[PDB]
Protein chains: 2
Amino acid sequence: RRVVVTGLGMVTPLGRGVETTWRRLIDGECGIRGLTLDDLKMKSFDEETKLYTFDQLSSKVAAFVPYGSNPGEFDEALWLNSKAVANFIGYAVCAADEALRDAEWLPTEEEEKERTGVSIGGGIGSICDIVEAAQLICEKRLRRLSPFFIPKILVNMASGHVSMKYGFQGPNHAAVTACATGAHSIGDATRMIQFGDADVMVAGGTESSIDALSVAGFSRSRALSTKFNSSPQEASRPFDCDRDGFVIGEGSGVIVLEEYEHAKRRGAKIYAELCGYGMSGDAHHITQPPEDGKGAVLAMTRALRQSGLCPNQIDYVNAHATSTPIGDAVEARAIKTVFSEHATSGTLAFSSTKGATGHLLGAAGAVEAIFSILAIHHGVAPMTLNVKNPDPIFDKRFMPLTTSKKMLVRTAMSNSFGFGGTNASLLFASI
Amino acid sequence: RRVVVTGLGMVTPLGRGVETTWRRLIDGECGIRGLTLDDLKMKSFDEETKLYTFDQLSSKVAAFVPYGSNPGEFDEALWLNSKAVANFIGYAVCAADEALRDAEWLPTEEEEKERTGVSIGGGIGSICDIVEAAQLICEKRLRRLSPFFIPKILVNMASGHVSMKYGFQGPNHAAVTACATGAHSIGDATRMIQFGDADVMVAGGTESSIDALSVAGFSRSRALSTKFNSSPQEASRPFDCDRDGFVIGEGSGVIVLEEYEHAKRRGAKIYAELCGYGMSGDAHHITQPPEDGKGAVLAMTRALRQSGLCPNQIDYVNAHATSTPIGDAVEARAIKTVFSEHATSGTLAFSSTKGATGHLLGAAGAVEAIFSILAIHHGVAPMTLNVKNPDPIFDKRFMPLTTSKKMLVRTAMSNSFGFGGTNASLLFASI
Ligand SMILES: [K+]
Ligand SMILES: [K+]
């Protein structure tokens, strides 16, 4: 059975909603800004502690979702109106609602509901809530501990809330694979529709981990940018010689997947087909990828094999490149190994959009799958921001896009690599 | 493509190793004991705060993995080595090593290593590590934050560590669905092998969340047992009239899934075939299942449909029953609905093993899948512990096993339900 995409939904640092997010992306906007004390998410702590904590953060930049009741903004009064709903859950529900309405899939009949599943995973969940609760132990004020604490920190709850809201009784699933979470969640959902576990799946990823401990943690791992704290708009620069770590972002990406015949029967407009779901493991290091990028090569190759397409048949690649010294170079190297001539000649189009959205972690793979689907749908490939001095590996021919260019895009591949060497590559095609 | 099990590995409150755990389980033993200050995992806190916290805990019972260098014990020196290894990671690696050696699968060939994947998820991760980091904020000592903090809290690292340990470059995945995590991780691995993503998968679940905040959190949610703090071994009593919540347990379950032909060609030992992976969502409440147990019914019915078997062909059912008033009753009604005459005849054998192991959360689904496989392999169905007064729903005929029954077990079903209404049902059969 074939699987197509009939609905898109998302909330990102470029805005709430696919239309607004895509328009701003293409036009070259950036959602990164400088951190403030409010961004620590430490409302339960005194100012002295906030000030101290802020100063301990090496990375002071991030990509935030715009809150508000205005158009293009995420309304917390609408999506975060429950004690059991953490931010990552609200982002997921917000995005899923847009996607479902886009696909016009809000069934009332039990049979349709029973054949609809959910697979939206979260990468970390809600460290903020855990820190607040932990503070209760340090200060001996456990009486404040809420019964909704456990429910709101479980990374699988984003999927639970979406199914409960729409009555979806099909597979209630969640894949958690660090920075690849969004990809595997969509991939697993696709495997489920293929096998027959469901006819419709609402899948994607969500992440809301911009806070004191999250920033301190990733900084301690030396994975975040710190060189451009005074110039945030220049912090995320995938493939650029001056990159020094990724910029933490937040948001969610959700798509509606469904069996091909099912979509045609009801006359739904189809964005594209999901033809490849390549998975692999680096089996190398907990945080660093192999110099040869074998894992990345495997993921992309497996996705190709599954689609029955040759390397030269791929028009666009949305690179994972998070603006990391080693990471970005390894992927560029893997792209050369996989597409060889097709890439070295300049025929292949590829870019990273994290320069604009930042690294959405658990949601990165979902949002980027949406961008890949949209490139095919609109025949426009997004630019890579801040590539002032291309990495030595690139040249006059093999070079990432630095401007959003019009072009026919019948096939698009999106890569996602997370900590622990977990790799996934999603391949989409027009149908 | 058929999928069989060729390797079993586990670390539980009943002992380290399948041999020990199974033996004690069948002999009607229990791994639950009373909580102490040391179990809070609050090494970085003073006595006064430990006492305060302990005093606030309504539930003072839990099931711990036995540590030691003697047979049947978990040697932390062999598994809890690096500073990047949290308990849930160590348990997973330990269990995986036993599962792989049992299946005699430690390939040196790149092809076989590339065709071997890992899918072991964690349900919560390492709360105690976050609590410790949080304390650094309250005490303004963030310079002591470990550079391995992030790698230690990522619930997907278990599959990452296992993969790099054996060089497995197949799909590096993890399914996180609360109490059903172990079941979905195994089911997703099965789908991957069926589709051709890999020929071998090391799948299961792991959990080690016995600490201050985990216990305080679950207690506040009113999900844990509290009336038997003075009689730990009596605290977990699935299907019993005096049940009052589950008992937090820790451990890991890992099995080796293999494509049928691949297993036969290498002359590998085969325990059974995984014939059904039924998934569903209650789409009801965040923590409570529907009175009619429709979700449970759908999950079991789906695994059945997938296997091509009818209810009367099922010999053993390992219920999820965590010793909860509403939960246990709901699943009991669901079982009766699904198997009707096969249940009311008294021939169908069913039981819950959580009275002995406690609720292993993320690992529950995997450990219990192993018990189901072992029931088929050994021809012995595990008893339900502490059923002094059977729930009113039961009678002379329709009654869970209260003694280990020697019987032919050709087929076995294992149910796993988690918060968010996420349901999974795994069906195994001799081959
Ligand atoms: K990507
Ligand atoms: K079970």
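Residues numbered from 1 in each chain as written, not as in the entry; some residues may be left out. Chains lettered and ligands numbered in written order. Heavy atoms only, no water.

Method information in the entry identifies X-ray crystallography as the source of the structure, with 2.10 Å recorded as the resolution.

(A) A positive patch on the surface, seen in detail. Taken together, the side chains of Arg143(A), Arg144(A), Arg220(B) and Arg222(B) define a basic patch exposed on the protein surface. Summarising the element assignment, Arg222(B) is placed in the loop between α10 (212–220) and α11 (232–235). We classify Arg222(B) as exposed; its relative accessible area is 61%. (Patch = residues over 30% accessible without salt bridge, like charges linked within 9 Å, V, L, I, M, F, W, Y side chains within 5 Å. Areas by Shrake-Rupley, 256 points an atom, 1.4 Å probe, with all protein chains shown as cover. Salt bridge = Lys/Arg side-chain N within 4 Å of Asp/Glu carboxyl O. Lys, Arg positive; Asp, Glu negative; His and termini not counted. Charge placed at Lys NZ, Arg CZ, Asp CG, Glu CD. Helix = DSSP H or I, 4+ residues; strand = E, 2+ residues; numbered from the N terminus. Buried < 20%, exposed > 50% of the residue type's maximum accessible area, 1.4 Å probe, protein only.)

(B) Quick look at the side chain of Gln135(B). Mapped onto the secondary structure, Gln135(B) falls in helix α6 (residues 127–138). By relative accessible area, which is 2% here, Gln135(B) ends up buried. Apart from the residues within four sequence positions on either side, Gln135(B) is in contact with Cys138(A), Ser44(B), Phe45(B) and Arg141(B). (Contact = heavy atoms within 4.5 Å.)

(C) Focus on the interface of chain B and chain A. Contact residues are listed per partner, giving 85 residues for chain B and 82 residues for chain A. Of the roughly 6700 Å² buried where chain B meets chain A, counting both sides, 69% is carbon and sulfur surface. Counting across the chain B and chain A interface gives six salt bridges. Between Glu48(B) and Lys140(A) there is a salt bridge; the shortest N-O distance is 3.8 Å. Counting across the interface, chain B meets chain A through 34 residue pairs in polar contact. Looking at the side of chain B that touches chain A, the element that brings in the most residues is α6(B), giving eight residues. (Buried area = accessible area lost by both parts, 1.4 Å probe. Polar contact = N/O pair within 3.5 Å; in protein donor to acceptor, adjacent residues only side chain to side chain.)

(D) Focus on the coordination of the potassium ion (ligand 1). Residue and element names in this part refer to chain A. The coordination sphere of the potassium ion (ligand 1), as far as protein atoms go, consists of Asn318 (O), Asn318 (OD1), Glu368 (OE), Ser414 (OG) and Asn415 (O), spread over 2.7 to 2.9 Å. Donor residues for the potassium ion (ligand 1), ordered by position in the chain, follow N-x49-E-x45-S-N. Remark: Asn415 occurs in strand β14 (residues 411–418) and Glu368 occurs in helix α16 (residues 364–378); sequence separation between them is 47 residues. A single burial state applies to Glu368 and to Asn415, both of which are buried. (Donors = N, O, S within 2.8 Å, 3.2 Å for Na, K, Ca; no water.)

(E) Representation of the coordination of the potassium ion (ligand 2) in the model. Protein coordination at the potassium ion (ligand 2) comes from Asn318(B) (O), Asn318(B) (OD1), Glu368(B) (OE), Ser414(B) (OG) and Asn415(B) (O), with a distance range of 2.6 to 3.1 Å. Considered as a linear motif, the donors of the potassium ion (ligand 2) on their single chain read N-x49-E-x45-S-N.

(F) Focus on the packing of aromatic side chains. By the definition in use, this model includes 24 aromatic pairs over all chains. Aromatic side chains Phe218(A) and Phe246(A) sit 5.8 Å apart centroid to centroid with 70 degrees between the ring planes, which places their arrangement in the edge-to-face category. Linking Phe218(A) in helix α10 (residues 212–220) with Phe246(A) in the loop between α10 and β8 (251–259), this pair joins segments that are 28 residues apart in sequence. A single burial state applies to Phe218(A) and to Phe246(A), both of which are buried. Judged by centre distance (5.2 Å) and plane angle (90 degrees), the ring pair of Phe239(A) and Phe394(A) falls under edge-to-face. A residue pair is termed long-range when its members are at least 10 positions apart, and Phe239(A) in the loop between α10 and β8 and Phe394(A) in the loop between β12 (380–381) and β13 (405–406) qualify at 155 residues. The exposure class assigned to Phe239(A) is buried, which follows from its relative accessible area of 1%. Feature note: the residues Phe239(A), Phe350(A), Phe394(A) and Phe398(A) constitute an aromatic cluster, connected by ring pairs. A cation sits over an aromatic face here: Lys264(B) above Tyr260(B), 4.0 Å from the ring centre. (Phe/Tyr/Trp six-rings, centres within 6.5 Å; stacked < 30°, edge-to-face > 60°. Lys NZ or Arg CZ within 6 Å of the ring centre and 35° of its normal.)

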